[PDB]
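The chain below stands alone and is given in structure tokens; this is the form deposited in one PDB entry.
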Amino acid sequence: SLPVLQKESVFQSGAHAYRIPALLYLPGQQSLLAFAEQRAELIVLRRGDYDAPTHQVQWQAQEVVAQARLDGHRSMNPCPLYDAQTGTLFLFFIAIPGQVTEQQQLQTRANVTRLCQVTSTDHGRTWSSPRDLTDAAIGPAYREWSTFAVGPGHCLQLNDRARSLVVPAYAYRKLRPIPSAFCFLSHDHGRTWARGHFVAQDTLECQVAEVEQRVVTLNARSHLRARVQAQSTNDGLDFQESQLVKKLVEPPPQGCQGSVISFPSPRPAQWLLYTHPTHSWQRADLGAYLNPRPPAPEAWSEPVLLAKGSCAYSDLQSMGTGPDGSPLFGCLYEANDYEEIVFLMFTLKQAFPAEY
């Protein structure tokens, strides 16, 4: 394990069970928003204020994102998104009928999953009513899908003309059900939602990052022994290029979700950071990977050990300049056989004292 600034558990599986973390930074108020699935069942949230003096994050009391649900459906895969332009907070998620499951939908081929979002204009303190965007965003294609999902994890807003909203997703499309990664795009600040195109075969949960002319790189889990990296030159509408990244291992089963963010290069305008279990055959040993010449896959560094032991899902968030003057990061990840979601806060200089 690497020397960090903070390591506290934001969610602990005691009187309840938590999974599928989601982190979101608010640069204006230097606050983090920690989302997670509670039991699926509901989506909880926990705001934690970053205190500069102690180089700490004081986490407030958690709460149930109540409106983030649909009667008779259970909520899953929280995907927070902050529109800097309008200062609107978006929380996407997936709603599934009562006890129905993924395998039930995959085997039955009867998609019943629902794409939703709630928004907050006072920083997730209170939320708008749920807006079911299924039909409008997916359209006819919905009948060709056995099921689909968003995130989990932070979404992405672009620096293009419209400051477009990008939401990573994947779906089991028919051709027998094959999963593919794609993005839901909004060029009107969430007003309306189009649906981008798919990547090469077999790609599940994924996250997107931007980098500078302007390409959106996607990192998705696969059933292969590695991660798949797709690049879009038309803002996520199409991901023309797609490669398997050998250095980015994926545990045996069907892989494990991962997280990728972009941040200000110390010297391309950005660099990429990526967290994922590094262990060879099991979900353990969460590692951090650095790409100093993005999107070049062969530019991916070796992982740096973040946490030894059982580590599954994760979500990263850039948090501006850290104490040592280098980039500061916030990492939300599942640990100890899903008995808790641990928060980690460290700097570039702390994780990669060489490439700095």
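Shifts are known only where both forms have a C-alpha. Don't overthink the numbering: it's just position in the shown sequence, from 1. In this text, the rigid core denotes the largest set of C-alpha atoms whose superposition between the two forms falls within 1.5 Å.
The same protein has a further form, the form deposited in another entry, not shown here; the description that follows concerns it.
Only one of 222, 134, 105, 157 has its C-alpha shifted by 2 Å or more between the shown form and the other one once the core is superposed, and that residue is 105. Note: residue 115-residue 102 Cα separation is 3 Å or more longer in that other deposited form than here. Inter-residue distance, residue 96 to residue 105 (Cα): increased by at least 3 Å in that other deposited form versus the depicted form. Legend: core-fitted overlay between the shown form and the other one; highlighted in sequence order are 14-16, 99-109, the runs of at least 3 consecutive residues with CA shifts of 2 angstroms or more.
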